[PDB]
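Before any comments, here is the structure.
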Amino acid sequence: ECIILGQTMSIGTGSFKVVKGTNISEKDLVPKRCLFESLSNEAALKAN
Amino acid sequence: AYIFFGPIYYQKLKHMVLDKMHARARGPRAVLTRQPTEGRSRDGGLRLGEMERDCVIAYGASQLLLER
């Protein structure tokens with residue numbers, strides 16, 4: 001019922017998957033930030 | 001070795017290769033069409049039956065099933 005629907009069968013060759021490594025590190029995946037909320041959270045709690 | 005030589009009455013039959021070479025690329029009315037003299041001799045043709053579907057399961061080739 002995968003050759004009728006045109007799907008790949010679960011046995012033989014389609015018993016696994018190949019996926020491609022992105023070869024990326026955690027240094028490029030950083031939340032870059034400069035003076036966004038450095039004071040907008042500071043000037044909202046003074047005596048209120 | 002000594003070789004057995006002499007005449008034999010041979011005979012040429014029907015069933016030549018010029019009216020049996022049959023091929024097809026894409027679409028109906030195949031481009032290499034044989035002569036239409038079958039006479040209760042439909043031996044499948046350019047098909048892929050369920051007996052041939054069972055042979056490629058034993059190989060395990062899953063990407064040839066979707067292609068054919």
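Are any residues in chain A of a type in the set (D, E, K, R) and either farther than 30 Å from B:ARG53 by Cα or more than 14 Å from chain B (Cβ to nearest Cβ) (or both), and if so, which ones?
Result: A:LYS20, A:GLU26, A:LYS27, A:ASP28, A:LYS32, A:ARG33, A:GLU37, A:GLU42, A:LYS46.
Restricting to region B:1-56, give me the number of residues that are part of a loop (DSSP other than H, G, I, E, B), closer than 20 Å to B:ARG68 by Cβ and among the hydrophobic types (A, V, I, L, M, F, W, C).
5
Of the residues in region B:2-48, how many are surrounded by 10 or more Cβ atoms within 10 Å (Cβ to Cβ) and of a type in the set (D, E, K, R)?
Looking only at that region, the number is 4.
Within chain A, count every residue that is within 16 Å of the chain's Cα centre (by Cα) and of a type outside the set (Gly, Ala, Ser).
11
Filter region B:49-67 down to the residues that are surrounded by 10 or more Cβ atoms within 10 Å (Cβ to Cβ) and either touching a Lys or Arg at 6+ places or on another chain (Cβ under 8 Å) or within 11 Å of another protein chain (Cβ to nearest Cβ) (or both) and list them by number.
Those that are surrounded by 10 or more Cβ atoms within 10 Å (Cβ to Cβ) and either touching a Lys or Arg at 6+ places or on another chain (Cβ under 8 Å) or within 11 Å of another protein chain (Cβ to nearest Cβ) (or both): B:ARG53, B:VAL56, B:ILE57, B:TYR59, B:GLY60, B:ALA61, B:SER62, B:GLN63, B:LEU64, B:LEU65, B:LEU66.
For region B:32-48, what are the residues that are within 14 Å of another protein chain (Cβ to nearest Cβ) and more than 14 Å from the chain's Cα centre (by Cα)?
Across region B:32-48, there are no qualifying residues.
We place every Cβ from the backbone using ideal geometry, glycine too, and count neighbours over all the protein chains shown. Every number here is computed from the coordinates shown, using simple stated rules; none is lab data.
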